[PDB]
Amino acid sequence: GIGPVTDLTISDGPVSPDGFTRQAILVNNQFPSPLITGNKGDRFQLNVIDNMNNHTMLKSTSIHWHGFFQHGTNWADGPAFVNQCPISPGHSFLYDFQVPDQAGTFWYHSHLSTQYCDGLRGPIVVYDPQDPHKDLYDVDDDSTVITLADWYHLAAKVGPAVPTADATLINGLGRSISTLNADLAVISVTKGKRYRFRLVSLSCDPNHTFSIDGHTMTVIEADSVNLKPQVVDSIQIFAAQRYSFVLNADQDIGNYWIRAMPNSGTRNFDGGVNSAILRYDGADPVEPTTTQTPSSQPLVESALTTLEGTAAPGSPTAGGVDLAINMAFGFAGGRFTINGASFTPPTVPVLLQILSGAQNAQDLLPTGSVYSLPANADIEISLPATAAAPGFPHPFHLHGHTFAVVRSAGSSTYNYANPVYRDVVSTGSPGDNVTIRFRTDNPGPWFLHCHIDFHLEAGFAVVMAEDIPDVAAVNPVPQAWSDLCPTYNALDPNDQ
């Protein structure tokens, strides 16, 4: 793919991924946005050149590199008004960071408002030259990335505040009910080879239930964390999650349906909606006629475990940490709340408030939304599901960290000995109490929020202000970052 040192030039233009033409956001003249690649420990230098001129889809921008810890580079994490002011139209801004001790499947997306829904979102793969799962497969390359995305015929700021998708795109292609002849994505395999497929959800809202007719999948990585291998025949993947799975192309040469059923919008496969094609070399270039078997081995999150057997942080007892926090979800005045507070973006980004002299979390804006975390501590956060926060199940993402999921959705058990670790978790449905743990090893303000982007826009977020006293020393900011807020604040409102 491109990188790890490359320009990413952002513009507006026409696209037609499901056969319907609409204006959207291009990256290096491409929709969908291009794959970025590098190797474990590389320095990424991603020069984002903002040439957008359409205020309806926002002229300004900021990009989050989803899943990277950003230790010492908190200013590069991406959330607008938490870690930076937006890049302004006609300006460039260099994200310059390293990725020590991570390897797996990631993605990048606009982290300003609901802009990524309008098309600024693509996959990232960070390869490991000693990947512990390499001997399970033969092929892992640009052609084995599989992206899932929601797509809307009206733009994010033009349609309903919580819209309903017209199409699921698989690798940027798919059909809507009015475009049943649109080109489907084709994923090529050769009989007798084994493939590491890297499944990335670029979704703004729906989750997808993914399966491939006639084949099983051996899951080996979740949200960039290596797992013990687990055979499944379907994966429910929530917005912003990733999984690697190995597919053994050991069936008859032919065409097989790839299925990605969303939880909303059109949910069937009639006319080949919500679908793509797995094509064996030597097959007729036509659509599959395969039929779906019910899933008998669906992925179950509580059954996943890390490859390295990593325990949860802290003691193997409820509340056996340094600081435990419960997040009570609600809704008031058309906005989401967490512990009674709705996040509204501040005028001065939270990181710049710290760097300008705010000495504790109580001094930070917005008041009610910011949590102090002590350094070198074990933290436990519970996120009990409730119908009081509409549009559940809500998949929450913690920036700056991987976390142990000690209790998953749909499970009553707590696992401290060998839970899965990941960075986006469904908080499930009423009766659940999804509980996560992490260690504070990364000074800076980090967002924690639902990754349904329309819910984030309606305030469903808090900020974890981790080790405020060390933030300036550990995160020296570059000159170009210091210039973002004065440039942004000088813009006319219609040029934002």
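Just count from 1 along the sequence shown to find any residue number.
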Comparing 40-48 with 61-69, which stretch shows the greater average C-alpha B-factor in the deposited entry? 40-48
Out of 366-374 and 102-110, which stretch has the higher average CA B-factor listed in the record? 366-374
Among the choices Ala149, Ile146, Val273, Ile379, identify the one whose CA B-factor in the record is greatest. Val273
Compare the CA B factors listed in the entry for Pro206, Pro160, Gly391, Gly78 and report the winner. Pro160
How does the C-alpha B factor of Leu8 compare with the rest of the chain: lowest, middle or highest third? lowest
Consider only the C-alpha atoms of the modelled residues in this chain, order them by B-factor as the entry records it, and name the third containing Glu301: lowest, middle or highest. middle
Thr293 - which third its CA temperature factor falls in, relative to the rest of the chain: highest
Of the three thirds of its chain by CA temperature factor, lowest, middle or highest, which one includes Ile220? lowest
Which third of the chain holds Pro132 when residues are ordered by C-alpha B factor: lowest, middle or highest? lowest
